[PDB]
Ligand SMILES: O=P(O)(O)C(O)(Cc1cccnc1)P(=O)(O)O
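Before any questions on binding or motion, here is one chain by itself as structure tokens, the form solved without this ligand.
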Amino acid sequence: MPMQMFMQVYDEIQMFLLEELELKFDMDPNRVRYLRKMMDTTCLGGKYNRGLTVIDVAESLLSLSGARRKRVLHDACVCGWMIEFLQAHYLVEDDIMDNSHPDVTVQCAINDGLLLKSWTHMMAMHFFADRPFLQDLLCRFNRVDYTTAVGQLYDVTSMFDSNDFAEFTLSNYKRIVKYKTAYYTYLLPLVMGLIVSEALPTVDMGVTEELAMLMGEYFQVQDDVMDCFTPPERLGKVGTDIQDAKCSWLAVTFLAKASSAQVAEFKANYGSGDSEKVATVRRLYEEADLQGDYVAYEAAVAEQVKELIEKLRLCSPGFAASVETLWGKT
């Protein structure tokens, strides 16, 4: 039911946006079908983890606060697609970076990124036009989007001096995860479910924020280990953190427990595209027993998560019963 309903609302949102362009923006059919194909290509196909969470939060809050049910669930579906379109916008922005007379493909990619972001506003301004939360929804959405761009700056420049391994620390790694990922992937869907369920001021936002940051940290650490050790045909992509000199959990944990000569061997091999230098880094990770530390670190984070949900149910029992699927889905 949630996935089926989420996909029906997608057709409703797409048709509004495309008809709006045809009827109010003077768009010709060729470009309308061009934009329908682009929207499907960039927004569909993922797992919809962020979008379906808005639904799951909304349905749990109308079970413990007729027509109010139908409207809230539909509102949650629009909010879910706002985040999905936002995610598609971020992915298109990423494709422009690694992809490299007017090159019309780079022009259209930049145009795609601007349209996907604007569509989050257009669908909000339309389907929520008569909602009292429309102004608060836009402000929280815009602020979280700003947060993500700030975290991208922290990530992209973690190895330099914005006009290097000093910023390879656990607290900075958490700062990167916090802003680059956790706020829009974990905090934003939860907040949006609360907004459409009219239960925003009824929850402890501090414990909510703290949970979202902890869950983003847990899933980024797992992502970092898989990026390095999971082979490409099983990970789904090519792990490139070592070559890209990312401030990953493996790097900052290694630098703390490595010897001075191992740090020199790591610093001399990190951030290179050569096959043997990357393998030299993986060898250092293995010999430092990092995957042994990975299990303990995740377990400790899991314990902080498995216990912070309890502080939240004492004032919001249904809300905490929506984050129940944080471990019904890893």
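Definition used throughout: the rigid core is the maximal C-alpha set that superposes within 1.5 Å between two forms. From 1 onward, residues are counted along the sequence shown.
The discussion below concerns the form deposited with this ligand bound, not included here.
Classify as open or blocked. Procedure: superimpose site C-alphas, place this ligand with its pose in the deposited bound form, test each ligand atom against backbone and C-beta atoms at 2.4 Å; 3 or more hits mean blocked. Output flag = open.
Mark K257 yes when one of its heavy atoms lies within 4.5 Å of a heavy atom of this ligand in the deposited bound form, and no otherwise. Close contact is absent here: in the deposited bound form, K257 is far from this ligand, nothing within 4.5 Å, heavy atoms only.
Going by a heavy atom distance of 4.5 Å, is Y184 a contact of this ligand in the deposited bound form? So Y184 counts as contacting this ligand.
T169, heavy atom within 4.5 angstroms of this ligand in the deposited bound form: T169 lies outside the contact set for this ligand.
Residue-level contact is defined here as any heavy atom of the residue lying within 4.5 Å of this ligand in the deposited bound form; does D94 satisfy this criterion? Yes, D94 sits close enough to this ligand in the deposited bound form that at least one of its heavy atoms falls within 4.5 Å.
Among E198, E210, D204, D223, which has any heavy atom within 4.5 Å of this ligand in the deposited bound form? None of the others qualify; the residue that does is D223.
Rigid core as reference, CA moved 2 Å or more between this form and the one not shown - which of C247, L115, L187, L194? After core superposition, the one over threshold is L115.
Spell out whether the Cα of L44 moves at least 2 Å between this form and the one not shown when the two forms are superposed on their rigid core. Shift of 2 Å or more: yes.
Core-aligned CA displacement of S316 at least 2 Å between this form and the one not shown: Result for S316: no, shift under 2 Å.
Core-superposed comparison between this form and the one not shown, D136 Cα displacement 2 Å or beyond: For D136, whose C-alpha is compared between this form and the one not shown after core superposition, the shift is less than 2 Å.
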